[PDB]
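What follows is a short report on a single structure.
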Amino acid sequence: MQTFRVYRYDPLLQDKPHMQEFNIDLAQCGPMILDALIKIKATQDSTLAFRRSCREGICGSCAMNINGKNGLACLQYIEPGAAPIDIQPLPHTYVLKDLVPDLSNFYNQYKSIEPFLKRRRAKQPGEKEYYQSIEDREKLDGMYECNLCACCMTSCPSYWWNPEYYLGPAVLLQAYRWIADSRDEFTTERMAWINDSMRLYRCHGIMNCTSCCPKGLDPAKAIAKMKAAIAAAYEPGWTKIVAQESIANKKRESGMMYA
Amino acid sequence: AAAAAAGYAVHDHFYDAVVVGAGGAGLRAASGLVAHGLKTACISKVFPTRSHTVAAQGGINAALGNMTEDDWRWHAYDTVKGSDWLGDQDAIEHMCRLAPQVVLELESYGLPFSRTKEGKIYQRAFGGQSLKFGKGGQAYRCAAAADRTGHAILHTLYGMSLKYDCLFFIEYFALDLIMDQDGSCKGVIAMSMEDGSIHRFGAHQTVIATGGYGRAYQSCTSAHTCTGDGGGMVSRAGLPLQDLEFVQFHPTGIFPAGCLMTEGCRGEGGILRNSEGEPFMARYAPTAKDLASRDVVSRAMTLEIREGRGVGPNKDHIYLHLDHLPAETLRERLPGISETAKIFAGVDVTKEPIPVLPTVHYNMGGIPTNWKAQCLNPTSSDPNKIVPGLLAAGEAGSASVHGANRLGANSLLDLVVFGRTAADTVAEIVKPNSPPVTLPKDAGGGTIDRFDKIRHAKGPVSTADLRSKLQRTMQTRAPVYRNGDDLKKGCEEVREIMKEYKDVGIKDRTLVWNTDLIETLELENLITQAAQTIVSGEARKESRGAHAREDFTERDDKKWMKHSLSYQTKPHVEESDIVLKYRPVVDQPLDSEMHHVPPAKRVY
Ligand SMILES: *Cc1cc2c(cc1C)nc1c(=O)[nH]c(=O)nc-1n2C[C@H](O)[C@H](O)[C@H](O)COP(=O)(O)OP(=O)(O)OC[C@H]1O[C@@H](n2cnc3c(N)ncnc32)[C@H](O)[C@@H]1O
Ligand code: SF4
Ligand code: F3S
Ligand code: FES
Ligand SMILES: [K+]
């Protein structure tokens, strides 16, 4: 009979958020935390709200804060004990309801890095796949598996303080993924844009992003590599490069973009 | 905008096209429509990257020829055989002839495919694929990206949609379609789960790119979000659904978690063994033991456990042995399976067998569609009659490319091909700039009333209890091996569960992220589709593809080579009956480039 304290907020009453304690028999519940939450909703309090889809850790929708550390509920294990298992929303996020965070800023920041392949020449008619060696494909190994759970984001003390100026670990790793993709031909443009004091150099190497990553990725290592590459490759003309690309995006629609 | 229907704040949007769904099929359709210069919106219940397409692992089939010599026509023959001559050969040709182009386009947008020694895309062996129209050997057509080919595709298609600047309405749950009196879809009526407002999207052409209804069974590989919402919308519009009896059980699903182990595991050397330690799959489908069609493998596994040669303390499952394969290949080609096993099963792939059992995975049925992805409302004289303003794509749609059994790595191909086709078809119908659609006067009235009636529902039964009842009945009354007696019992039970939805009650009465209400609206969709599945299956007195009746163990081409159309009599699930009609299968290929694959034996 484990005790599960869960954060609760009603967006309509707008009463101060509180932790409600539930008792669940682990014998009739699945090993993972998400199973306990589903059981609570099914049996005791159906009002409980939380995001969940894949159940196998791949969608990245069940990101929560369990006993202090961020994680995905579907991959997290229930750890029985006298101490209540405290489940709260993602740290320093606006709570839409109960355990459902507001990750709209995270989605916007990602759209900013323009995560789509860019090439100077359009695929000539009669052309097959763009060549990439096995070794080049190996470079993109630990970076293309990010499920956007947003745990590393909501674990960085620097994203807690400057959420609207710092891109955050996940977005920065994704930017390195596109700066490291041999097929992309806009390496300099991407590095010039990311070379900003607020966007990139707000990372102080806390390493909370790597510790909490549910997919076992290392966003901290990627940001360190991206900072070294930028420092070595900087040229006086980078600012003009950013401006020219901004002119190219003049007719784009209203949303975050390279500028 | 601003209106007030039945006390609810109703916003009005007037686009040229609306796409319900942001999964593989929906992201592709939207990018295509925007690329054609048409004003479009894309509604989704979840952030597009969290759709079930992300959980795909195997890959997409294309006759790229990177591993061995290949022809699309050979891929087309394999699909016809796999469909057990229930799929349309017109649509199969269109899909197979475009598979090379579609896959290369995805690479052109940055899809991180696995690579060969020459810098080309690596292709893996999958079940049901051959060369030289069956006279050759195993065909390596499944362009994979490690064990994460879905994550790759969905992320890349989202990037493409960002590049084209697609208007996305994220976390909006679609409720119904804004049908006209004449019988034409004029858009959709949705709700925002973040603001609580009702939105009436009005479009000239609507694309239903929802997923399947796999969460209607107790054990599934589907996501909790897979409730078949677009099928319910069509059924509540009075339009038909097709081939709902053909539910695919994937041979290998982790026991009892219900997770999916990629068919690529077997396609890279994995062997299924029993209590006797025998690779039993050689007895059934001898030429392709473990790489047989998913329906043959599943039936073989079920019979083996039934015969007593099952593994485990309860002798309830089967073992998949990947331990003999090289550790590097496991780490390189099957990187994701290993971790999932270590967690949900506690197995070390390199040293131990994985417990597996056949589990519901995909649904070959869906909205009837033609080869242009236009939804059909067949009539006795016009079996190909199309709903004027409606299109469908993805698992939600049933163009019958997959027929009675889907070949692995063909669904992700159907997402890209038919999403693209749907965008092309709308482009011809709706011009880039067009006068705005005239939403009918009482647009949403019924939907708002039902939403309010369900919002303020105070009946005895709970949504969760009713869902568990339905999931139990489907799992027990429509298993891998179906019998007519159980199918009849179940058909009575699902009808009772239908009239029990009138007693459902919810405790939360808010409109912002009211999961209780959303889940009850989803249960309505799940009930109607699950009902049509049982009714259609009991009515089919043959054994084709995934539908395996013990009473009738043989295919009946003479009297059962037909598509099965189900209709919900009344818009309310607690006031309706499931009527069944039939429409003929399209057997002639659309061009002469491919020949008609005559109906034949499917031994594998
Ligand atoms: C379940 C599955 C499927 C699968 C697979 C592995 C698993 C575990 N592996 C595959 C493979 O290796 N090779 C292959 O060819 N196919 C494989 N599949 C099949 C495929 O992934 C599924 O069939 C998939 O579901 C098809 O994609 P589709 O785009 O049609 O659907 P989706 O990914 O489930 O997303 C649908 C979207 O619609 C939204 N939605 C749902 N209801 C609504 C409402 N009411 N309003 C608005 N939007 C709605 C969903 O949120 C989702 O975004
Ligand atoms: S880096 Fe890790 S924690 Fe951050 S979004 Fe990607 S998978 Fe999630
Ligand atoms: S915790 Fe934050 S400061 Fe950098 S090392 Fe990780 S993104
Ligand atoms: S439910 Fe998908 S990551 Fe947990
Ligand atoms: K590059």
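Numbered from 1 within each chain, the chains take letters A, B, ... in sequence-line order. Whatever order the structure lists them in is the order used to number ligands and atoms, beginning at 1.
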Out of A:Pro219, A:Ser155, A:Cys151, which residue meets the side chain to side chain contact (heavy atoms under 4.5 Å, CB included) rule with A:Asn208? A:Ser155

Who's the nearest protein heavy-atom neighbour of atom 34 (O) of ligand 1, and how far? B:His52 CB, 3.4 Å

Contacting atoms of ligand 1, where contact means under 4.0 angstrom from a heavy atom of B:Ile43: 47 (C), 48 (N)

Between the side chains of B:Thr225 and A:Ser53, does any donor sit under 3.5 Å from an acceptor? yes

Assert yes or no for the condition that the ring centre distance of B:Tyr362 to B:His402 is strictly below 6.0 Å. yes

Go through ligand 2 atom by atom and flag the ones less than 4.0 Å from a non-hydrogen atom of A:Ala150. 5 (S), 8 (Fe)

Nearest non-hydrogen contact with atom 27 (O) of ligand 1 belongs to which option: B:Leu413, B:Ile518, B:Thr53? B:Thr53

In chain order, what residues pass the ring-ring contact (aromatic ring centres under 6.0 Å, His included) check against A:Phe106, with sequence neighbours excluded? none

Closest approach of any protein heavy atom to atom 39 (C) of ligand 1, naming residue and atom: B:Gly21 CA, 3.7 Å

Are A:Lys41 and B:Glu519 ion-paired here, with the side-chain N under 4.0 Å from a carboxylate O? yes

Would you mind listing which atoms of ligand 1 come within a distance below 4.0 Å of any non-hydrogen atom of B:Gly394? 30 (O)

The option among B:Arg406, B:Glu395, B:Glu171, B:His402 carrying the non-hydrogen atom nearest to atom 30 (O) of ligand 1 is B:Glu395

Going by the atom numbers of ligand 1, which of them fall below 4.0 Å from some non-hydrogen atom of B:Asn410? 15 (O)

For atom 49 (C) of ligand 1, decide whether some protein heavy-atom distance is shorter than 4.0 Å. yes

Which heavy atom of B:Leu526 sits nearest a heavy atom of B:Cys226, and at what distance? CD1-O, 4.3 Å

Between atom CZ of B:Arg50 and atom SG of A:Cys62, what is the distance when rounded to the nearest 0.5 Å? 9.5 Å

Between B:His13 and B:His199, how do the two ring planes meet: parallel, tilted or perpendicular, split at 30° and 60°? tilted

Testing the 3.5 Å rule here: is there a donor-acceptor pair between the side chains of A:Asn70 and A:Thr154? yes

Residues B:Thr359 and B:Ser219: side-chain donor-acceptor under 3.5 angstrom: no

Min N/O separation B:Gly24 to ligand 1 under 3.5 Å: yes

Shortest non-hydrogen contact from B:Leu154 toward B:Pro48: CD2-O, 3.2 Å

Looking at B:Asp78 and B:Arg141, is any side-chain nitrogen of the basic one under 4.0 Å from a carboxylate oxygen of the acidic one? yes

Checking a contact table here: which protein heavy atom is nearest atom 31 (O) of ligand 1, and how many Å away? B:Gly211 CA, 3.7 Å

Going by the atom numbers of ligand 2, which of them fall below 4.0 Å from some non-hydrogen atom of A:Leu148? 5 (S)

Per-atom contacts of ligand 1 with B:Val20, taking only distances under 4.0 Å to non-hydrogen atoms: 46 (N), 47 (C), 48 (N)

Ionic contact status for B:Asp176 with B:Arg450, cut-off 4.0 Å: no

Can you sort out which atoms of ligand 1 are near B:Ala25, meaning under 4.0 Å from one of its heavy atoms? 29 (O)

Under 3.5 Å, which donor-acceptor pairs do the side chains of residues 167-177 of chain A form with other protein atoms, sequence neighbours left out?
{"unit_1": "A:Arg177", "atom_1": "NH1", "unit_2": "A:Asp181", "atom_2": "OD2", "d": "3.2"}
{"unit_1": "A:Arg177", "atom_1": "NH2", "unit_2": "B:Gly110", "atom_2": "O", "d": "3.0"}

Option whose closest heavy atom lies nearest to atom 12 (O) of ligand 1, chosen from B:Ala409, B:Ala190, B:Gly58, B:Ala22: B:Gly58

Where B:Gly230 and B:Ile208 come nearest, the two heavy atoms and their spacing: CA-CG2, 3.7 Å

In the protein, what heavy atom is nearest to atom 41 (C) of ligand 1, and what distance, to one decimal place, separates them? B:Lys45 CE, 3.6 Å

Numbering as shown, the atoms of ligand 1 that approach B:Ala209 to under 4.0 Å (heavy-atom distance): 36 (C), 37 (C), 38 (O)

With a 4.0 Å cut-off on heavy atoms, is B:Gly59 in contact with ligand 1? yes

If you scan protein heavy atoms around atom 5 (C) of ligand 1, the nearest is B:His361 NE2, 3.4 Å

Can you sort out which atoms of ligand 1 are near B:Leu415, meaning under 4.0 Å from one of its heavy atoms? 26 (C), 27 (O), 30 (O)

Would you call the rings of B:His151 and B:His155 parallel, tilted or perpendicular, where under 30° means parallel and over 60° means perpendicular? parallel

Does an N or O from B:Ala174, backbone or side chain, lie closer than 3.5 Å to an N or O of ligand 1? yes

Closer than 2.8 Å to atom 2 (Fe) of ligand 2, what protein N/O/S atoms do you find? A:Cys213 SG

Tell me: protein heavy atom nearest atom 52 (C) of ligand 1, and distance? B:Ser51 OG, 3.4 Å

Do B:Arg333 and B:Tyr122 form a cation-pi contact, if we require the NZ or CZ to be under 6.0 Å from the six-membered ring centre and within 45 degrees of the ring's axis? yes

Less than 2.8 Å from atom 4 (Fe) of ligand 4 is the window; count the protein N, O or S atoms in it. 2

Close N or O approach (B:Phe173, ligand 1; < 3.5 Å): no

Atoms of ligand 1, numbered as shown, that sit under 4.0 Å from any heavy atom of B:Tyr362: 23 (O)

